[PDB]
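**Student:** upload.txt is reproduced in full below (compact mmCIF, C-alpha atoms).
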# COMPACT_ATOMS: atom_id res chain seq x y z
CA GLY A 1 4.09 92.75 122.78
CA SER A 2 7.28 94.58 123.72
CA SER A 3 6.69 97.88 121.93
CA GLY A 4 7.81 100.65 124.27
CA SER A 5 9.05 99.95 127.79
CA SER A 6 9.61 103.38 129.36
CA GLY A 7 8.73 106.91 128.30
CA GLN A 8 7.20 110.04 129.81
CA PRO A 9 5.71 108.31 132.88
CA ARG A 10 7.63 106.16 135.37
CA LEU A 11 7.58 102.36 135.20
CA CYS A 12 6.82 100.83 138.60
CA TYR A 13 7.87 97.18 138.56
CA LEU A 14 6.33 95.48 141.60
CA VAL A 15 7.74 92.20 142.91
CA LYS A 16 5.87 90.04 145.43
CA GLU A 17 7.82 90.01 148.69
CA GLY A 18 5.53 89.72 151.70
CA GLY A 19 1.93 88.56 151.60
CA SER A 20 0.54 91.47 149.60
CA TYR A 21 2.26 94.30 147.72
CA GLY A 22 3.05 97.57 149.47
CA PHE A 23 0.27 99.40 147.64
CA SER A 24 -3.52 99.54 147.83
CA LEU A 25 -6.20 100.13 145.20
CA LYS A 26 -9.59 101.78 145.72
CA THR A 27 -12.53 102.89 143.57
CA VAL A 28 -13.65 106.52 143.85
CA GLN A 29 -17.20 107.64 143.06
CA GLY A 30 -17.46 109.75 139.92
CA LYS A 31 -13.86 109.03 138.93
CA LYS A 32 -13.10 106.44 136.25
CA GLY A 33 -10.29 103.97 136.85
CA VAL A 34 -8.32 102.72 139.85
CA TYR A 35 -5.13 104.07 141.41
CA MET A 36 -2.77 103.76 144.38
CA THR A 37 -4.00 105.29 147.64
CA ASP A 38 -2.03 103.57 150.41
CA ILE A 39 1.71 103.17 149.87
CA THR A 40 3.14 101.11 152.72
CA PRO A 41 6.51 102.44 153.97
CA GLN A 42 9.74 100.62 153.16
CA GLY A 43 7.54 98.07 151.42
CA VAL A 44 7.26 96.41 148.01
CA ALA A 45 5.66 99.55 146.57
CA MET A 46 7.67 102.27 148.31
CA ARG A 47 10.67 100.24 147.15
CA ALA A 48 9.60 100.07 143.50
CA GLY A 49 9.28 103.85 143.50
CA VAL A 50 5.52 104.13 143.08
CA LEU A 51 3.76 107.17 144.53
CA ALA A 52 0.15 107.41 145.71
CA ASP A 53 -2.78 109.15 144.02
CA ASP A 54 -1.31 107.94 140.73
CA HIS A 55 -3.85 107.16 138.01
CA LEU A 56 -3.23 103.66 136.65
CA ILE A 57 -2.21 103.54 132.99
CA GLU A 58 -1.55 99.83 132.46
CA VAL A 59 -0.76 96.67 134.42
CA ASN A 60 1.72 94.00 133.32
CA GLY A 61 1.34 95.56 129.88
CA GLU A 62 -2.45 95.77 130.04
CA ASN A 63 -4.02 99.23 129.82
CA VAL A 64 -6.15 99.65 132.95
CA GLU A 65 -6.91 103.35 132.52
CA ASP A 66 -10.62 102.55 132.22
CA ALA A 67 -10.44 99.12 133.86
CA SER A 68 -12.73 98.18 136.75
CA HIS A 69 -11.10 97.34 140.08
CA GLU A 70 -12.26 93.75 139.60
CA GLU A 71 -10.44 93.66 136.26
CA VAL A 72 -7.21 94.86 137.87
CA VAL A 73 -7.29 93.00 141.19
CA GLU A 74 -7.83 89.91 139.04
CA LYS A 75 -5.11 90.79 136.52
CA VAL A 76 -2.66 91.34 139.38
CA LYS A 77 -3.26 88.02 141.13
CA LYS A 78 -3.36 86.16 137.81
CA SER A 79 -0.33 87.98 136.41
CA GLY A 80 1.67 85.63 138.62
CA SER A 81 4.31 86.78 141.10
CA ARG A 82 5.53 89.99 139.47
CA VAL A 83 3.71 92.82 137.69
CA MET A 84 4.41 96.04 135.79
CA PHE A 85 2.51 99.09 137.03
CA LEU A 86 2.65 102.31 135.00
CA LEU A 87 1.32 105.55 136.47
CA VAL A 88 2.01 109.29 136.45
CA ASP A 89 3.23 111.52 139.29
CA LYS A 90 0.62 113.35 141.37
CA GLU A 91 2.34 116.65 140.59
CA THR A 92 2.81 116.04 136.87
CA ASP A 93 -0.83 115.03 136.37
CA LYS A 94 -3.75 117.41 136.88
CA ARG A 95 -6.84 116.89 139.04
CA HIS A 96 -10.01 118.85 139.79
CA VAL A 97 -8.54 121.86 141.59
CA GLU A 98 -11.12 124.15 143.19
CA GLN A 99 -11.97 125.94 146.43
CA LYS A 100 -12.32 122.80 148.54
CA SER A 101 -15.12 122.69 151.12
CA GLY A 102 -14.74 122.00 154.82
CA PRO A 103 -17.11 120.91 157.62
CA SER A 104 -20.60 122.42 157.61
CA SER A 105 -22.74 123.00 160.70
CA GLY A 106 -26.07 124.71 161.33
For the structure just supplied, provide its representation as C-alpha cells.
**Tutor:**
Amino acid sequence: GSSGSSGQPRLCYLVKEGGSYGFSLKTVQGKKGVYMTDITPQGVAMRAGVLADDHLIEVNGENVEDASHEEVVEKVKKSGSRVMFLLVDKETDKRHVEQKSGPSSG
C-alpha cells in the first residue's frame, strides 16, 4: 500500500527519459541481491540522485533485497514508465572490508 514513503534511506524515483534508465544492474557471485553498478552521467539515474554500489531494498514498492535480477529487470519493465528505487548510500552501508589482494605472478 502506501505505508511509509521515505525514512532512513534515500528514495530514488526514476523516470524513463531516453531509451533505458541511467543506471545498470548486475549480479555478483556470492552476494545476494542486485544493485546499481553503472550510473550514467547527467542521466536519468544521476538526475534522480541514485549512487552506485547501492544494495537494492525495494522497487516500485516491491522489496527486492533478495530478488533475482530476472525478478527485478522484469518488475522494472512491467512497472510501466516510472519506478521507485530505494537503496542505501555506499558509505552508510557496510561491506566486506579486508586487506584486498592485488595481481599475483610466479
**Student:** Determine the nearest neighbour of residue A:80 from the options A:15, A:57, A:64, A:39, counting only C-alpha atoms.
**Tutor:** A:15
**Student:** So which one's closest to residue A:56, A:19, A:9, A:4, A:33? Using only C-alpha atoms, please.
**Tutor:**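 Using only C-alpha atoms, residue A:56 sits closest to A:33.
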**Student:** Which residue out of A:48, A:66, A:40, A:54 has the minimum interatomic distance to residue A:88 when all atoms listed in the file are used?
**Tutor:**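 Counting all atoms listed in the file, the residue closest to residue A:88 is A:54.
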**Student:** If I take atom CA of residue A:16 and atom CA of residue A:47, how far is one from the other in Å, to one decimal?
**Tutor:**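 Atom-to-atom, atom CA of residue A:16 and atom CA of residue A:47 are spaced 11.4 Å apart.
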**Student:** If you count only C-alpha atoms, which residues fall within 12 Å of residue A:20, apart from same-chain ones fewer than 4 positions away, as a PyMOL selection string?
**Tutor:** chain A and resi 14-16+24-25+39-40+43-45+73+76-77+81-82
**Student:** State, in Å with one decimal place, the distance from atom CA of residue A:97 to atom CA of residue A:55.
**Tutor:**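 Separating atom CA of residue A:97 from atom CA of residue A:55 is a distance of 15.8 Å.
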**Student:** Closest to residue A:89 among A:49, A:30, A:18, A:1, using only C-alpha atoms?
**Tutor:**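 Ranking A:49, A:30, A:18, A:1 by distance to residue A:89, first place goes to A:49.
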**Student:** At what distance in Å, to one decimal, does atom CA of residue A:32 lie from atom CA of residue A:69?
**Tutor:**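 Taking atom CA of residue A:69 as the start and atom CA of residue A:32 as the end point, the length is 10.1 Å.
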**Student:** List every protein, DNA or RNA residue with an atom no more than 9 Å from (10.7, 98.6, 133.8) in the file's coordinates, counting all atoms listed in the file, and format the result as a list in words.
**Tutor:** residues 5, 6, 10, 11, 12, 13, 84, 85 and 86 of chain A
**Student:** So, with all atoms listed in the file as the atoms that count, which of A:8, A:79, A:3, A:27 lies closest to residue A:53?
**Tutor:**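 Smallest distance to residue A:53 is found for A:27.
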**Student:** Nearest to residue A:37: which of A:22, A:62, A:98, A:92 is it, counting all atoms listed in the file?
**Tutor:**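 Checking each of A:22, A:62, A:98, A:92 against residue A:37, counting all atoms listed in the file, the winner is A:22.
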